[PDB]
Amino acid sequence: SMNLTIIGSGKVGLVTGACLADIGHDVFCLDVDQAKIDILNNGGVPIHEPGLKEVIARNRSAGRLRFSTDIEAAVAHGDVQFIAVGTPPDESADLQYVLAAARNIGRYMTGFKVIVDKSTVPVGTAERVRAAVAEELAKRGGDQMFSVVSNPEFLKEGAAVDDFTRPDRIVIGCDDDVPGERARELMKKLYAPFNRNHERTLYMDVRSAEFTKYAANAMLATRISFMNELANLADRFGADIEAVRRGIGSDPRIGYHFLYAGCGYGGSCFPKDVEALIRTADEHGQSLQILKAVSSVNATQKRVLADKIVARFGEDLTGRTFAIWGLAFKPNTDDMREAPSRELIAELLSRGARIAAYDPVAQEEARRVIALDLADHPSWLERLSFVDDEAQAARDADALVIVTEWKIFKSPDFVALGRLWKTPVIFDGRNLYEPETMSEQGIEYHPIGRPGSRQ
Amino acid sequence: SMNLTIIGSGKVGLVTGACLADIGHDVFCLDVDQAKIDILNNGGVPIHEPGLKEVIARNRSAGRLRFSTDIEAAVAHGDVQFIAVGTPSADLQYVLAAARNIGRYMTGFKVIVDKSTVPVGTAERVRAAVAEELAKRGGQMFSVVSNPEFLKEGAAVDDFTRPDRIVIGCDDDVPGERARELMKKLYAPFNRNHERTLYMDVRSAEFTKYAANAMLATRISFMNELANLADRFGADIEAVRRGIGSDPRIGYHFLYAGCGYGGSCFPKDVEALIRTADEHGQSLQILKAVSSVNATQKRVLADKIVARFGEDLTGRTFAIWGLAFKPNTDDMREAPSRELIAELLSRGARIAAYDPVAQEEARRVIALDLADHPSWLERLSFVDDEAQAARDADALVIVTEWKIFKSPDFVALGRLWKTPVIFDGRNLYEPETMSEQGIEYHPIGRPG
Amino acid sequence: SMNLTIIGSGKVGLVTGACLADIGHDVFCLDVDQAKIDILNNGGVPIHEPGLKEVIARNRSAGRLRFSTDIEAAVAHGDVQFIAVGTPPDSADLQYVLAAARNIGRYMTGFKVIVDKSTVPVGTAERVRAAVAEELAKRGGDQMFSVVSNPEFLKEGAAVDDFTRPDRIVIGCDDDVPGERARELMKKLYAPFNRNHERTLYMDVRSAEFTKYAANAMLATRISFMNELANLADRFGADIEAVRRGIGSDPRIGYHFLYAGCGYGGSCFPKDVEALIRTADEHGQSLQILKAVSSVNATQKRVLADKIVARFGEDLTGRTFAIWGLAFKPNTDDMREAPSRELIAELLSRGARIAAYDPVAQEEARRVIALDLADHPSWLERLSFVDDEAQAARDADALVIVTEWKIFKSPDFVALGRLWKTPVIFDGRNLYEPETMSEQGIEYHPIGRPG
Amino acid sequence: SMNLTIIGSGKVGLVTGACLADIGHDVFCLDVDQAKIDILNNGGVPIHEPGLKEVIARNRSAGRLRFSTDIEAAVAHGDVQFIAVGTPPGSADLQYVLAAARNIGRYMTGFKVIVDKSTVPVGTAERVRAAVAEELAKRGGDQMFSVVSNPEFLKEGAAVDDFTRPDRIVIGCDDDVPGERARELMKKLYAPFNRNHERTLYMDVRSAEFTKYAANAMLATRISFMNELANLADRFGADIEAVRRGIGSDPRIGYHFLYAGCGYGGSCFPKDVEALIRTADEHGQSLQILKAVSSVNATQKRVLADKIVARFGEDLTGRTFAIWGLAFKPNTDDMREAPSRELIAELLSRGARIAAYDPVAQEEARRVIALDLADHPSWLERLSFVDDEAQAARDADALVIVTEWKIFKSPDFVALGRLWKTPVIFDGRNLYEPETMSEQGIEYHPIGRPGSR
Ligand SMILES: O=C(O)[C@H]1O[C@H](OP(=O)(O)OP(=O)(O)OC[C@H]2O[C@@H](n3ccc(=O)[nH]c3=O)[C@H](O)[C@@H]2O)[C@H](O)[C@@H](O)[C@@H]1O
Ligand SMILES: O=C(O)[C@H]1O[C@H](OP(=O)(O)OP(=O)(O)OC[C@H]2O[C@@H](n3ccc(=O)[nH]c3=O)[C@H](O)[C@@H]2O)[C@H](O)[C@@H](O)[C@@H]1O
Ligand SMILES: O=C(O)[C@H]1O[C@H](OP(=O)(O)OP(=O)(O)OC[C@H]2O[C@@H](n3ccc(=O)[nH]c3=O)[C@H](O)[C@@H]2O)[C@H](O)[C@@H](O)[C@@H]1O
Ligand SMILES: O=C(O)[C@H]1O[C@H](OP(=O)(O)OP(=O)(O)OC[C@H]2O[C@@H](n3ccc(=O)[nH]c3=O)[C@H](O)[C@@H]2O)[C@H](O)[C@@H](O)[C@@H]1O
């Protein structure tokens, strides 16, 4: 059992801190946003993460988990200091809060600290974190040493508590000098309870660990863009992208996962990380061709639903009504960041249509961000409504558009719907239904990468 | 037990036919190259495929496997006719020619199986050709089926008998559903544990084959770009591989950066898919990038070498370990070694190449490659022993990671080369092992 | 989308019915217990299964899931009829299964596919087939059917996850023409579970029936195997946990279910192991390994008392023991065959006072332990249940751990130090690292490790 | 790079020594059998291990691998001393291990790390420690050492692959100062095996010693487990192979080592399972599951004869049986504890003639069966060996398959039909699919499945 400090209280820090406490460590979770800290200390949780509330509560009442804004108390407490603060897009990749945390650790250090970069940060960030802390130690005459370590984060939004407790792997990057080898043993000790069956931890140098995180997200992004290009080609060949998915996923060298063509990828991670890796690379004088292509295919894909709609109803959608099913960038979250629904709704509104959107969870967040998106077009927002019931969105719709494959959308009341829409047309950005089931249900179906039914 | 005909006697047809026989079918293997057929009938095997000779022999002597050039007897024999001929962007002549013959001499209901890798919609052309030759005859029904091939060169017999999956594409009309049942019957012995077979429409089966090879190609090019980025960040591409392969969504396989991909399949298929797409008015951005990264990567060894010894390599000698496009084959098609050796030769160097298996094939293709430069060829030799290549070398270059190169006699070598320098296009050795062995190591995507 | 009927509303039927609905099927869930039906139709859930309430609710409001006691309506509804009723030892009581089978035969319209989901002895599907064919003969029936075996692989307390993301789905069918028809229907029904890897596994019905037993029997064998080695480790002075990692790292053996402790319990392993032994004796064969496995477990359930008696004496009058964990495993409230019951009885019989704690099974335990010990009112007066783990430790001579619920993994050893009489812990689950206990000043008695 | 000595030149020592050299260590391989040493120094290899010859050659010519009978030179050379000598019979014979230990103590210079590689009984490392500390007392020795357990997990005939790409490496060390020093040395030694996943697993020495036996005992249990269920399947009319797929698909159970058949043999499982049972009775505990496991195997080795006698009668005089497979498993020539030996004995004793075939073990089988049957010269005259699988079938009343060598998987059933007396096959390894046999006109008797006629 060790004393750990986590700096930052978002998905990464909140989950990491709570869960490391849950295995018997004494965790101090620090943040500067006093309201966030106040809310946590009053039994609330600022993020939609199944499991997280009960774990936080359990460990607070047990004396293992504390929330505060006391910077000095935080650095005093932990021998291991996790940097888990955010990294906002710039112009790409804003290191200010990370370096600020690093500075404070250097400013008030007593003895040997292990400083862990948990937040997703660009290769070499750990050297800047080391330079910042070594300096604040020079302004103090410090014969106290430290090592910076890379321990990236692999949590999926809305599945973060499971992903943390039952990880595929744990990546640790350490220097092989003497401080580094000391920090390494401490990480070994810290993560022991995760290595009791298969050995889940994976050791490397810090620059490799930093890199790994980006490459991992970049490959997952490539897989998706890959299938999306092929899906648009399938429409031309008359093939079925879903048959092809089973077809190539059955080769264990490729695997079955993340090959789901649709209306593109969004969220707080892929687009940021892909972009950041492309920039870093251009800055080192290298042009990532494949990743550049991957990023371009996605920007295009986010426009595919509008294209299909415009191709079917015309350039001018004045007088049309579209039901939108699903707003969040993926199911089981309320995160609207980079969500395909936002680009879709904008295009449609701009061409004169009325939109009735439904999402089991993201209604509020969507209303907020889409209002900001469209600030310069008040008159568009007047043609956008949110409804409380999936079927209600369909009232007088020329078509229903599915953009996030939430479970409730998989088995709808097609008869109740038949009584509501103007025409039984569905555009499907996630391939939820089997075309010929749609055909027999009398529905004009427009999937992505498969043949439709159109009757 | 059914009677099958296989048309074509290269890797795909030879292995397919022999192996389908070995499970009790009566296989007629047809080809027009009489010499090939003569060789097979005299116990020889025109391809380097472990296992294949014994399987062919076993089944010939058992009366289940026959080789001939008799077109009509072939068509007469098989109720299922596999088209397994070659496809030299994307030349359909031999496939259509086989299709015609089947139409020309058909008796009853045939199931025609496109096994050879062919572009989406090829099965409709094969259907049109055969229906026509049936109209010149007042004709009996048939269905064209897609059943792609997933054999790795040099491991083809294993890959056929214990497949990951079997892909079958059929129409859902009544001929098509009849062909389907026949395929079900034919492949029954492969479905006795897990159900290995996967049914779909024919255009999707055709597509699957290309997408699969294109995804594999992407994974490689992907890691190669990252490898060249690692060199700049000072990261270790191999650590990264472990780092991202441990995510089961990504997987551990085909993430080996190096000097690029080669051979008779990836380059052809990736190019073919790009063309077909442009022809349908779509530009595959990712795949084009993937193809461009590989053309570049095959030049990476030369670049590192020129960066270290200069633009003019006159008076240098390089040892080349590995010629074949990958280990455990003798196939020199699209092999990185060919681009490397050309570049080096063109800048004045002497080359001594070694490969456990491909020496003859390499000598042949490299002579053709460099026909216009006789004087280059005079500076190229092949040797019989890996260490001999090293005699007076300024450096040793590893381009194919055959097993014997994994544990070399670094002392014997030390007695032979001019300077202990190794460029490594496959990342065989651990850098610090090389450092302690006194060796100047240039890996791909790692610190040296 | 098909119309399915599920007969029985316990773990197997409730979860199976709700979850098959959730993928778009129209499910009629039938049971005779009107109170159970009434509770379900009023938004309640008679079992502790995470996920299950929301899935039931979701699908009721969507018109895909219905609960009733109307036998005839149930048979009329489903073309596929799941028998998921219970099978109470005896050894192995088929009455409710046969009774369900009869009703199906009694009111059948057209071709039915009858699916034995409940765990039933090899050849049960022939008895189900005989029962239904007869009721059809009392009716002059030119309607056909096939009986199918589709065993269940749900873990209590993880049943909803286990159903939706299964290792494999086992289907056993005849290869006559009715059977091959039922097979296609099962293929159709289970399609959505085969979209990545092919999860479904076809075989004959007797082999399917058998598989279920052999699967539980092999898991039981692994545990009893490690338990015997654990008691051997105490003699060699080795560490059973080191050995577990030692042999678990061979992929032929694997890492799971090798956790020695105070034995196995619950509503499945003991029943199924016993059943398979009986069936075998009835077929003139003595399963030696399984018999040994069963005997090792009966012994292991006494190990905690033995260790305790060896330390404090044959007469425990004047001693007090804290009991942490009552349920047969963590994350359930099921007290069936729970080691804690044999432990608590032994200890009470020798004069001790017991204070037991469990985060979930308090009520269930109080109920079953009262029945266990009905002949011994005076024993029960020496048994209390407490609401807070630490409270159990008040004046305890030792703390005994019998179910490794997560909250027990990181306890307040100082708070405890202020409460117990002596810092002694007997550990039936190996929760703690011995030398951590040593430095914490604690006299630790694990199973199969040095203390 | 370290200097290592390996004591003993059998599978364990030969492979270990050669392969540790192959990663750059300087290996001295010691043995007392001068002929064995002579054969190795002349490019020969006393064991059937694919890959081994080339590795040995490679490393000899490179100056990293040496074979000798010079005891003192051996002790002088290695700072790490692997005990890899044999452990024969009585249960579990420690004499050669203790003798090696003594020599190490007799001639030690500085700090040695002594590694018990050979499979030895729990607490053997204390006896090795006692023996060496004593020989140091007869010499007045400051010099310290630590005994370490590093068990072996090689499969016979696959030993080179299994060594170089291991599932895990098990190391047991004391946690005193000598022990922690030996631990670091082992960490250093095995580093090149930990560059991807960390393959090495540290524990105390008694647990390491135990691990080795439990691992074999669990593998043995799985097999006997399936064999009992196989015999129960015959009664229920179920298919044991369907059950295998049925329970293998549960990742908690896994797919491996669930092949019912005519039992387990070889130089390891029976020895180790027996040893574990004895040690246990000696510590006053009766291993019930293991005892049953051992009992089920002894019985299974008799199943083929039982099925044959049930079919043709108590008296097999005038019958002839083809035997396909002799080695205890495929890809080896090891006849130890092979099921074929118990089968052939039974059959011969009832008057039958036997024609046996094996692609590799013919010589070794002739030798051991002759010794098994020394007291029955007349039996051996009714036993022949043949060079071609099909020749065994000449006039056979039946063909019996006991080792599932690959060549048996696709036989010339027509060629055979022209040779045997009746088309009858008893299959102790379940090679063929029953209904394929049925259509081929063959009376098939598999283990734990329904047959034909
Ligand atoms: O860096 C991070 O923090 C995390 O980023 C991602 O997680 P996240 O963005 O929350 O969720 P994903 O499940 O990756 O969703 C990505 C987007 O791709 C889309 N997608 C996903 C899969 C697919 O097959 N097709 C597809 O379009 C999803 O709808 C979603 O919009 C990764 O999945 C995590 O492993 C990583 O730790
Ligand atoms: O279409 C076909 O008939 C076959 O082509 C390919 O196989 P192949 O070209 O024989 O050889 P691979 O083993 O795929 O290797 C191709 C190239 O990839 C390179 N490679 C592979 C993996 C890797 O990580 N890095 C890498 O550079 C190899 O050096 C090699 O030159 C596919 O792997 C087969 O599944 C397929 O059936
Ligand atoms: O037939 C059934 O319905 C189910 O029965 C069991 O599930 P369950 O009864 O919930 O309990 P398990 O999780 O199997 O645990 C069995 C007992 O063995 C004990 N055990 C388990 C694992 C172990 O390593 N050691 C050990 O002592 C557990 O504490 C528990 O008391 C099986 O695990 C399921 O696979 C099966 O579907
Ligand atoms: O202690 C040792 O030296 C070695 O002993 C065994 O290896 P081995 O003796 O070569 O034989 P195995 O391949 O393990 O099989 C042994 C016997 O079990 C039989 N077997 C195996 C698996 C199965 O499902 N059924 C079965 O009958 C084999 O046919 C053979 O008779 C162990 O597999 C290795 O872990 C260990 O390193």
# chains A, B, ... in the order shown; residues from 1 in each chain; ligands from 1
>>> residues_around(residues="residue 329 in chain C", least_positions_apart="3", cutoff="10 Å", atoms="only C-alpha atoms", output="tab-separated table (two decimals) with N, CA and C atoms, in the first residue's frame")
chain	number	residue	atom	x	y	z
C	156	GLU	N	-24.07	-17.52	-11.45
C	156	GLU	CA	-25.01	-16.79	-10.58
C	156	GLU	C	-24.45	-15.40	-10.22
C	157	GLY	N	-25.25	-14.37	-10.45
C	157	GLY	CA	-24.80	-13.03	-10.18
C	157	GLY	C	-24.07	-12.34	-11.32
C	264	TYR	N	-16.03	-25.75	-2.49
C	264	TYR	CA	-17.03	-25.17	-3.39
C	264	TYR	C	-18.47	-25.35	-2.86
C	265	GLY	N	-19.33	-24.38	-3.18
C	265	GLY	CA	-20.72	-24.43	-2.75
C	265	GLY	C	-21.68	-24.04	-3.86
C	266	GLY	N	-22.91	-23.71	-3.50
C	266	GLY	CA	-23.83	-23.13	-4.47
C	266	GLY	C	-24.83	-24.14	-4.99
C	325	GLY	N	-18.21	-13.01	5.49
C	325	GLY	CA	-18.68	-13.70	4.30
C	325	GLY	C	-19.54	-14.94	4.56
C	326	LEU	N	-20.77	-14.94	4.04
C	326	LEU	CA	-21.74	-16.00	4.28
C	326	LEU	C	-22.15	-16.68	2.97
C	332	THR	N	-23.35	-12.56	-4.73
C	332	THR	CA	-24.62	-13.23	-4.74
C	332	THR	C	-25.20	-13.23	-3.33
C	333	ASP	N	-26.43	-13.68	-3.17
C	333	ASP	CA	-26.99	-13.86	-1.84
C	333	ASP	C	-27.37	-15.32	-1.62
C	334	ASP	N	-26.88	-16.17	-2.52
C	334	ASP	CA	-27.27	-17.57	-2.51
C	334	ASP	C	-26.52	-18.30	-1.39
C	335	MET	N	-27.26	-18.95	-0.49
C	335	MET	CA	-26.65	-19.62	0.67
C	335	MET	C	-26.64	-21.12	0.52
C	338	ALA	N	-23.43	-23.52	1.20
C	338	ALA	CA	-22.33	-22.58	1.45
C	338	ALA	C	-21.43	-23.11	2.54
C	339	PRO	N	-20.10	-23.04	2.34
C	339	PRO	CA	-19.18	-23.48	3.39
C	339	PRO	C	-19.49	-22.83	4.73
C	402	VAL	N	-14.56	-16.41	5.02
C	402	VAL	CA	-15.04	-17.55	4.23
C	402	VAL	C	-15.54	-17.23	2.81
C	403	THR	N	-15.85	-15.96	2.56
C	403	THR	CA	-16.18	-15.52	1.21
C	403	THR	C	-15.49	-14.24	0.84
C	404	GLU	N	-14.75	-14.28	-0.25
C	404	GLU	CA	-13.80	-13.21	-0.56
C	404	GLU	C	-14.41	-12.01	-1.27
C	405	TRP	N	-15.49	-11.48	-0.68
C	405	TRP	CA	-16.13	-10.27	-1.16
C	405	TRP	C	-15.08	-9.18	-1.23
>>> residues_near_ligand(ligand="ligand 1", cutoff="8 Å", atoms="only C-alpha atoms and all ligand atoms", output="JSON, numbers by chain")
{"A": [12, 120, 153, 154, 155, 156, 157, 158, 213, 214, 216, 217, 220, 221, 223, 224, 257, 258, 259, 260, 261, 262, 263, 264, 265, 266, 267, 268, 269, 270, 273, 329, 330, 331, 339, 340, 404, 430]}
>>> closest_atom_pairs(of="chain A", to="chain C", cutoff="12 Å", atoms="only C-alpha atoms", output="Markdown table")
| residue | atom | partner | partner_atom | distance |
| --- | --- | --- | --- | --- |
| A:1 | CA | C:410 | CA | 9.7 |
| A:20 | CA | C:410 | CA | 11.9 |
| A:21 | CA | C:410 | CA | 9.7 |
| A:22 | CA | C:410 | CA | 8.2 |
| A:23 | CA | C:410 | CA | 7.0 |
| A:24 | CA | C:410 | CA | 5.5 |
| A:25 | CA | C:410 | CA | 9.1 |
| A:26 | CA | C:410 | CA | 11.1 |
| A:55 | CA | C:407 | CA | 10.9 |
| A:58 | CA | C:407 | CA | 8.8 |
| A:59 | CA | C:407 | CA | 9.9 |
| A:61 | CA | C:412 | CA | 11.5 |
| A:62 | CA | C:412 | CA | 8.1 |
| A:63 | CA | C:412 | CA | 9.3 |
| A:64 | CA | C:410 | CA | 9.8 |
| A:192 | CA | C:433 | CA | 11.8 |
| A:193 | CA | C:433 | CA | 11.0 |
| A:195 | CA | C:245 | CA | 10.4 |
| A:196 | CA | C:245 | CA | 7.6 |
| A:197 | CA | C:255 | CA | 6.2 |
| A:198 | CA | C:249 | CA | 7.4 |
| A:199 | CA | C:249 | CA | 9.6 |
| A:242 | CA | C:195 | CA | 9.6 |
| A:243 | CA | C:195 | CA | 9.8 |
| A:244 | CA | C:196 | CA | 11.8 |
| A:245 | CA | C:196 | CA | 8.9 |
| A:246 | CA | C:196 | CA | 6.5 |
| A:247 | CA | C:196 | CA | 9.9 |
| A:248 | CA | C:196 | CA | 10.5 |
| A:249 | CA | C:196 | CA | 7.5 |
| A:250 | CA | C:197 | CA | 7.1 |
| A:251 | CA | C:197 | CA | 10.4 |
| A:252 | CA | C:197 | CA | 10.2 |
| A:255 | CA | C:196 | CA | 9.1 |
| A:256 | CA | C:196 | CA | 6.0 |
| A:257 | CA | C:196 | CA | 8.3 |
| A:258 | CA | C:196 | CA | 11.1 |
| A:259 | CA | C:196 | CA | 10.7 |
| A:260 | CA | C:196 | CA | 11.4 |
| A:391 | CA | C:62 | CA | 12.0 |
| A:407 | CA | C:22 | CA | 9.0 |
| A:408 | CA | C:58 | CA | 8.6 |
| A:409 | CA | C:24 | CA | 10.7 |
| A:410 | CA | C:23 | CA | 7.7 |
| A:411 | CA | C:24 | CA | 5.6 |
| A:412 | CA | C:62 | CA | 8.3 |
| A:413 | CA | C:62 | CA | 7.8 |
| A:414 | CA | C:62 | CA | 11.6 |
| A:416 | CA | C:62 | CA | 11.2 |
| A:432 | CA | C:192 | CA | 11.6 |
| A:433 | CA | C:24 | CA | 11.3 |
| A:434 | CA | C:192 | CA | 11.1 |
| A:437 | CA | C:1 | CA | 9.6 |
>>> select_by_dssp(residues="range 114-221 of chain B", states="alpha helix (DSSP H)", output="PyMOL selection string")
chain B and resi 122-135+156-161+174-187+202-221
>>> residues_near_ligand(ligand="ligand 4", cutoff="7 Å", atoms="only C-alpha atoms and all ligand atoms", output="PyMOL selection string")
chain D and resi 152-157+216+223+256-269+328-329
>>> residues_near_ligand(ligand="ligand 2", cutoff="7 Å", atoms="only C-alpha atoms and all ligand atoms", output="list in words")
residues 117, 149, 150, 151, 152, 153, 213, 220, 253, 254, 255, 256, 257, 258, 259, 260, 261, 262, 263, 264, 265, 266, 325, 326 and 335 of chain B
>>> residues_near_ligand(ligand="ligand 3", cutoff="7 Å", atoms="only C-alpha atoms and all ligand atoms", output="list in words")
residues 152, 153, 154, 155, 156, 157, 216, 223, 256, 257, 258, 259, 260, 261, 262, 263, 264, 265, 266, 267, 268, 269, 328 and 329 of chain C
>>> residues_around(residues="range 10-14 of chain D", least_positions_apart="6", cutoff="8 Å", atoms="only C-alpha atoms", output="list in words")
residues 29, 47, 84, 85, 86, 117, 118, 152, 154, 156 and 159 of chain D
>>> write_last_selection(atoms="N, CA and C atoms", output="PDB file, in the first residue's frame")
ATOM      1  N   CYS D  29      29.591 -28.615 -20.924  1.00  0.00           N
ATOM      2  CA  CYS D  29      28.677 -29.710 -20.623  1.00  0.00           C
ATOM      3  C   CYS D  29      29.413 -30.954 -20.104  1.00  0.00           C
ATOM      4  N   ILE D  47      20.243 -38.435 -28.922  1.00  0.00           N
ATOM      5  CA  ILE D  47      18.775 -38.332 -28.754  1.00  0.00           C
ATOM      6  C   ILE D  47      18.035 -37.770 -29.974  1.00  0.00           C
ATOM      7  N   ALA D  84      21.633 -31.263 -14.122  1.00  0.00           N
ATOM      8  CA  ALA D  84      20.639 -31.775 -15.050  1.00  0.00           C
ATOM      9  C   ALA D  84      20.746 -33.288 -15.236  1.00  0.00           C
ATOM     10  N   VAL D  85      21.375 -33.976 -14.276  1.00  0.00           N
ATOM     11  CA  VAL D  85      21.426 -35.448 -14.304  1.00  0.00           C
ATOM     12  C   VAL D  85      20.071 -36.113 -14.051  1.00  0.00           C
ATOM     13  N   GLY D  86      19.989 -37.410 -14.368  1.00  0.00           N
ATOM     14  CA  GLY D  86      18.758 -38.178 -14.259  1.00  0.00           C
ATOM     15  C   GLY D  86      18.243 -38.563 -12.872  1.00  0.00           C
ATOM     16  N   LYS D 117      18.034 -28.267 -12.106  1.00  0.00           N
ATOM     17  CA  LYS D 117      17.215 -28.345 -13.333  1.00  0.00           C
ATOM     18  C   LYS D 117      16.405 -29.649 -13.446  1.00  0.00           C
ATOM     19  N   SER D 118      17.027 -30.784 -13.161  1.00  0.00           N
ATOM     20  CA  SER D 118      16.330 -32.076 -13.214  1.00  0.00           C
ATOM     21  C   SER D 118      15.120 -32.085 -12.308  1.00  0.00           C
ATOM     22  N   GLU D 152      12.217 -27.787 -15.487  1.00  0.00           N
ATOM     23  CA  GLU D 152      12.341 -27.914 -16.931  1.00  0.00           C
ATOM     24  C   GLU D 152      10.948 -28.221 -17.495  1.00  0.00           C
ATOM     25  N   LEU D 154      10.288 -28.939 -21.048  1.00  0.00           N
ATOM     26  CA  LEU D 154      10.459 -29.412 -22.423  1.00  0.00           C
ATOM     27  C   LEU D 154       9.616 -30.674 -22.723  1.00  0.00           C
ATOM     28  N   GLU D 156       9.250 -34.016 -25.015  1.00  0.00           N
ATOM     29  CA  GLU D 156      10.195 -34.867 -25.721  1.00  0.00           C
ATOM     30  C   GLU D 156       9.930 -34.800 -27.221  1.00  0.00           C
ATOM     31  N   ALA D 159      11.858 -30.438 -27.753  1.00  0.00           N
ATOM     32  CA  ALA D 159      12.615 -29.782 -26.679  1.00  0.00           C
ATOM     33  C   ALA D 159      13.349 -28.476 -27.086  1.00  0.00           C
TER      34      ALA D 159
END
>>> atom_distance(atom1="CA of residue 339 in chain D", atom2="CA of residue 301 in chain D")
5.5 Å
>>> closest_atom_pairs(of="chain D", to="chain B", cutoff="8 Å", atoms="only C-alpha atoms", output="Markdown table")
| residue | atom | partner | partner_atom | distance |
| --- | --- | --- | --- | --- |
| D:22 | CA | B:407 | CA | 6.9 |
| D:23 | CA | B:407 | CA | 7.6 |
| D:58 | CA | B:409 | CA | 7.9 |
| D:62 | CA | B:409 | CA | 6.3 |
| D:196 | CA | B:242 | CA | 6.9 |
| D:245 | CA | B:193 | CA | 7.1 |
| D:410 | CA | B:22 | CA | 7.4 |
| D:412 | CA | B:62 | CA | 6.7 |
| D:414 | CA | B:62 | CA | 7.9 |
>>> write_last_selection(atoms="N, CA, C and O atoms", output="short mmCIF file (atom, residue, chain, number, x, y, z; two decimals), in the first residue's frame")
data_model
loop_
_atom_site.label_atom_id
_atom_site.label_comp_id
_atom_site.auth_asym_id
_atom_site.auth_seq_id
_atom_site.Cartn_x
_atom_site.Cartn_y
_atom_site.Cartn_z
N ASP D 22 23.85 -21.00 -27.47
CA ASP D 22 23.34 -20.36 -28.67
C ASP D 22 22.94 -18.89 -28.45
O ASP D 22 22.77 -18.14 -29.43
N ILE D 23 22.78 -18.46 -27.20
CA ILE D 23 22.49 -17.05 -26.95
C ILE D 23 23.71 -16.34 -26.38
O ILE D 23 23.57 -15.29 -25.72
N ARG D 58 26.82 -25.64 -34.61
CA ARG D 58 26.93 -24.19 -34.62
C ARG D 58 27.74 -23.72 -33.40
O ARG D 58 28.78 -23.06 -33.56
N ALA D 62 31.88 -22.45 -32.77
CA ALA D 62 31.96 -21.06 -32.38
C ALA D 62 32.73 -20.88 -31.06
O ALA D 62 32.93 -19.74 -30.58
N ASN D 196 10.07 -9.32 -24.83
CA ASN D 196 8.64 -9.02 -25.06
C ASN D 196 7.85 -9.05 -23.72
O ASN D 196 8.15 -8.27 -22.80
N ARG D 245 -15.11 -30.81 -27.42
CA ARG D 245 -15.31 -29.49 -27.98
C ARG D 245 -16.23 -28.74 -27.04
O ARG D 245 -16.03 -27.54 -26.76
N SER D 410 -4.16 -40.54 -43.09
CA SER D 410 -4.70 -40.73 -44.43
C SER D 410 -4.12 -41.96 -45.10
O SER D 410 -3.19 -41.85 -45.91
N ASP D 412 -4.11 -45.80 -47.26
CA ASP D 412 -4.64 -46.32 -48.50
C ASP D 412 -5.65 -47.42 -48.19
O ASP D 412 -5.28 -48.61 -48.23
N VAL D 414 -7.81 -48.90 -49.74
CA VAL D 414 -8.06 -49.88 -50.78
C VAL D 414 -6.90 -50.85 -50.79
O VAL D 414 -7.11 -52.05 -50.74
#
>>> atom_distance(atom1="CA of residue 132 in chain C", atom2="CA of residue 104 in chain C")
6.9 Å
